[PDB]
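What follows is a set of notes on a single structure, which appears directly below.
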Amino acid sequence: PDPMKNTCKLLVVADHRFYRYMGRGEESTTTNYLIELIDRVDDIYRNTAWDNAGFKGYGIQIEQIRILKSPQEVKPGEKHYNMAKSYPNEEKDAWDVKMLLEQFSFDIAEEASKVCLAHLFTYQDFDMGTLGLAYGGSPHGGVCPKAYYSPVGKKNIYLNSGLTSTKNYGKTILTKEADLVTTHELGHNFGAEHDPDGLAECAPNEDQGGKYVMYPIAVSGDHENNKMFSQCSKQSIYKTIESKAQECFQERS
Ligand SMILES: CC(C)C[C@H](CC(=O)NO)C(=O)N[C@H](C(=O)N[C@@H](C)C(=O)NCCN)C(C)(C)C
Ligand SMILES: [Ca+2]
Ligand SMILES: [Zn+2]
């Protein structure tokens, strides 16, 4: 590993919903929550041996936190990931999650071009139990900005993005659950796909430590494997990492 290129620096964005409902309308409470979360996720990454040997020490650090204290005012017909209303249905608590990720990536494009990853932290109840979403590791995008020309947006956006909501089914999720969401989405960013039932090594039973973090169904977090990457994830990311590290990773602060 290259100690000058072992860290994926993040632009972390807290939208007005997160500021209000997790941050208590305070900058300090908002930034402390995120700093602590990313540091705990970093512990997972940094300790992961991508080959099962000496290939560990890769992780994540926050470069900047943008704190949006109030909604983005918009004109009729215009949308923005930080606007007051949900889209496409203003009557729902939350956006359609795929549309929200696309919109965030559009709005943050200038900033996203200058960082390894951008991640949106929000507080809205996505339909049917969804907690987050990311580009990369889908059967493209992920670490290091990769351009996509949006025919609808009429400009390049970058696919180095993901999001986490800390609201689900009308309440704030546990911190131990929040850590898992952000680890999972960053896992896609690093190149992992979902762990399949058909590979027992990558999706163990409850009495063998339970599921690993890239399982498609939320790992509740009290089982041994829940906060670890499966061997499937490791192999996938291992192809990602060194290449991408040279491309956009920096020295750990
Ligand atoms: C951290 C989790 C694993 C993220 C995934 C979504 C995902 O794959 N993002 O990259 C999720 O929200 N999964 C949901 C999930 O497991 N939600 C749990 C909390 C849930 O609703 N459990 C009860 C069944 N409705 C789904 C969509 C499967 C319902
Ligand atoms: Ca939800
Ligand atoms: Zn996923």
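Don't worry about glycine lacking a Cβ; one is built from the backbone with ideal geometry, like all the others, and counts go over all protein chains shown. Nothing in this text is a laboratory measurement; each read-out follows from the coordinates by a stated rule.
Key figures
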{"read-out": "Helical contribution to [θ] at 222 nm, DSSP H n ≥ 4, -39,500 (n - 2.57), averaged over the chain, rounded to 500", "value": "-9000 deg cm²/dmol"}
{"read-out": "Size of charge dipole - the chain - debye, nearest 20, with Cβ of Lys, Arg +1 and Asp, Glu -1, no other charges", "value": "640 debye"}
{"read-out": "Mean shadow area of the stretch 26-120 over all directions, Cα convex hull, nm²", "value": "8.2 nm²"}
{"read-out": "For the stretch 147-198, projected area of the alpha-carbon convex hull averaged over all directions, nm²", "value": "6.0 nm²"}
{"read-out": "log10 of Debye I(q)/I(0), alpha-carbon scatterers only, for the stretch 169-253 at 0.11, 0.14 Å⁻¹", "value": "-0.34, -0.52"}
{"read-out": "Spin-label pair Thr130/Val74, simplified geometry with 7 Å Cα→Cβ offset, distance in nm", "value": "1.6 nm"}
{"read-out": "Total formal charge among the other residues, if their Cβ is under 14 angstrom from that of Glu90, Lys/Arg +1 and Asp/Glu -1", "value": "-1"}
{"read-out": "At 1.567 mPa s and 4 °C, Stokes D of the chain from Kirkwood alpha-carbon radius, µm² per second", "value": "71 µm²/s"}
{"read-out": "Entries of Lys69/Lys171; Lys79/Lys167; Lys9/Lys85 with Cα pairs more than 24 Å apart", "value": "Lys9/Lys85"}
{"read-out": "Tail fraction, Cα-Cα pairs, the stretch 89-150, threshold 17 Å, whole percent", "value": "43 percent"}
{"read-out": "Calculated FRET value between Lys239 and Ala147, using beta carbons and R₀ = 25 Å, to 0.05", "value": "0.75"}
{"read-out": "In nm, spacing of pseudo-spin labels at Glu201 and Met99 (7 Å Cα→C-beta vector)", "value": "4.2 nm"}
{"read-out": "Shape of the stretch 85-212, Cα gyration tensor, a/c cut at 1.5", "value": "oblate"}
{"read-out": "In sequence order, calculated HN-Hα J values of the stretch 164-171 (Karplus, 6.51, -1.76, 1.60; Hz; x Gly/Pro)", "value": "9, 10, 9, 10, 7, 6, x, 8"}
{"read-out": "Extension gain from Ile217 to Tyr169, taking 0.36 nm per residue of separation minus the Cα-Cα distance", "value": "15.8 nm"}
